[PDB]
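Okay, structure first, notes after.
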Ligand SMILES: NC(=O)c1ccc[n+]([C@@H]2O[C@H](COP(=O)([O-])OP(=O)(O)OC[C@H]3O[C@@H](n4cnc5c(N)ncnc54)[C@H](O)[C@@H]3O)[C@@H](O)[C@H]2O)c1
Ligand SMILES: NC(=O)c1ccc[n+]([C@@H]2O[C@H](COP(=O)([O-])OP(=O)(O)OC[C@H]3O[C@@H](n4cnc5c(N)ncnc54)[C@H](O)[C@@H]3O)[C@@H](O)[C@H]2O)c1
Ligand SMILES: [Zn+2]
Ligand SMILES: [Zn+2]
Ligand SMILES: [Zn+2]
Ligand SMILES: [Zn+2]
């Protein structure tokens, strides 16, 4: 029995930037009021977790990272009403409190209880449930999935179908939903349109899936790693271009290819230059560009606002625009109903102990998603 | 009769940046095929005409500026089918060719035949209809309304109601339509929302009118010239704020005032800094900001894309998003049916010969719109 007791378990601790994860024993406190302790089953390696290592994405260290995952509830704190022990769940890196102005807005999803804007790396109550070698360890986005057990706030967990395959649906916790929603909800890609997708990793492939679902006629993948092209075509790209193959800037290439600019463009990398390029390549009077990638902390881009004055729309979003707790279970149900595919995103499956190897696969260009199994 | 003949008339020629207009005789060629020569009746002084003087808006010199006007057709070239001699007309600074991909798109209005993006200062055929002192003079936006007579391409003129009061409806040729459409068409302001409007000149006042028409609950006018506040309130502002009165940046003030950010913001000035401030003051997850102001040529702004990644939408537009030739006659009909007011924009009236005094009135902060009568 573990309910009400501290659990000692293995986690991947990041003690400082630019170091391998350290796989070692941590102590996980029991859940307090309105908290949920989860036994992890599978977690994906998202580029954002690597951004924590590289210092691209700032959050308090030391930390237990990981945010794209699925597990089974081990215990619940007082007052919890939306999940029970034994339920399959996905942790929600964007909460859904249901009560703030954003949660009440028809479009909004970036709940004001999030820990992304100004990261504290705690539970909602400002404390941590993790200790390692006697030291407190920070949480990450209210999730912290690189651990056999984590504790999350109730507003940061969704109950999902008891029959779902957790080694696949963990991707609904971040990369799939982000990319798919960026196309279908944020951009609202139209039938017959031309899309350009910058970055052909797990998120960008999920953008392609959304553009195809929305009926785009042309979906142009853009990546500097041509090894990414074959899979991009399998999931719906009609053409792929590598900017390094061209003498001219790729915005000019894409404008030419699309006979004056694309309908929808997506930045799914995290570079300031590609954000401006992606905006520029959409048609100047009616084009829409969506920023998805997370760029280096504290860095500003430079752009000419004439790009907007002509008529372009520029937007960004977190988690594909989906209200997290409402959307995650529906997306799992949609997966179980064969409405989209997750296998094309999964290139590697490793035990959790091989987390560093999984990160090396990402960094080398070789993987899309590695799924770590506990 | 003057049909087929060169007309000698007075125009305001701008020979050099940062100098007064020179009111002197020009020669106006007769219209070629698919061209229309117009006897001007009234023209407004828009800030964009001053931007030509100041070099903020680059267009070839020497030039006949003016783009917000109404007149009566003097003669038509071969093949013209949409207007006849004697018709009241408004020149269209954004053409509507009807044939390009933008004109065919449901949302687009920045027709590819425009002379705004890369100005040539000519008719569609690349030539000029104006000479002064024996020297060919450039056109401006295909309109050149600071002249007793002008020649425009047929795609750059709309026929309007024969009973239209031209000394009022000239404002439909630029400032009214721009501001109004920016609110009702581009932003799509919703009932009960909170709007912030930066800049309370003719265009900003027209944005306020559109936000009021859309049913906004709060419309916060922002201007460094507090003399602009009274009229802003008259046309619908619920509150006005002067950034100079505050020790904190106005984005912070506006976020506080709106309990977490406004629903819709509009930059109606032309400054890079206020474009970034206006974006920032809209709610981070679901806010929309529209750039309307024209900023100094070739200058880039600097911004942190996290402002977009949280969920904001940033867009700009020319002419309020309106397809010009379809919309102008309908806007005039709406004016004639008292659906909106133009008198609140008209603070001064002068004869055309006093154009330089009209620009002085604008530059001093004293006027909204001065209407010049021929
Ligand atoms: N907005 C969100 O809610 C959200 C959620 C998930 C991921 N993210 C972000 O989305 C981005 C993509 O994540 P991912 O997991 O798919 O990453 P990834 O690393 O698997 O894919 C990025 C792709 O970009 C390509 N690339 C890198 N530099 C490039 C360049 N200069 N030009 C063209 N292509 C380039 C790479 O070759 C790679 O294929 C990351 O920045 C991540 O942090 C955002
Ligand atoms: N997008 C379009 O199609 C379109 C068409 C018309 C006008 N324009 C542009 O819209 C803008 C407004 O035109 P207008 O005729 O109303 O001009 P205007 O000069 O009458 O009004 C601008 C207002 O901005 C205020 N202002 C100036 N600097 C400010 C600052 N730093 N902070 C706050 N307020 C400030 C002024 O006091 C003034 O009242 C101009 O840049 C013009 O070129 C664009
Ligand atoms: Zn909330
Ligand atoms: Zn992620
Ligand atoms: Zn104007
Ligand atoms: Zn056109």
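Residue numbers in this text run from 1 along the chain shown.
Determined via X-ray crystallography, 1.2 Å.
Note: Cβ is positioned from N, Cα and C throughout, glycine not excepted.
For the NAD(+) site, Swiss-Prot gives B:48, B:199, B:200, B:201, B:202, B:203, B:204, B:223, B:228, B:292, B:293, B:294, B:319; the one candidate out of B:101, B:133, B:369 that the record lists there too is B:369. Of the listed candidates (B:132, B:170, B:174, B:195), Swiss-Prot assigns B:174 to the same Zn(2+) 1 site as B:46, B:48, B:67. Annotation for residue B:46 (Zn(2+) 1 binding site): same-chain Cβ neighbours under 8 Å, separated by at least 6 residues, are B:67, B:68, B:174, B:175, B:202, B:203, B:369. Highest local Cβ density among the binding-site residues B:97, B:103, B:111, B:174 belongs to B:174, counted as other Cβ atoms within 10 Å over all protein chains shown. Considering only the binding-site residues B:200, B:204, B:228, B:319, the residue whose Cα is spatially closest to the Cα of residue B:1 (N-acetylserine) is B:319. Looking at residue B:228 (NAD(+) binding site) and residue B:100 (Zn(2+) 2 binding site), their Cα atoms lie 40 Å from each other. Ligand 2 lies under 6 Å from the Cβ of B:48, B:200, out of the binding-site residues B:48, B:103, B:200. Local packing around the Cβ, expressed as the count of other Cβ atoms within 10 angstroms, is greatest for B:200 among the binding-site residues B:100, B:200. Binding-site extent for NAD(+): residues B:48, B:199, B:200, B:201, B:202, B:203, B:204, B:223, B:228, B:292, B:293, B:294, B:319, B:369, maximum pairwise Cα distance 23 Å (rounded to the nearest whole number). Nearest by CA distance to residue B:111 (Zn(2+) 2 binding site), out of the binding-site residues B:48, B:200, B:204, B:319, is B:319.
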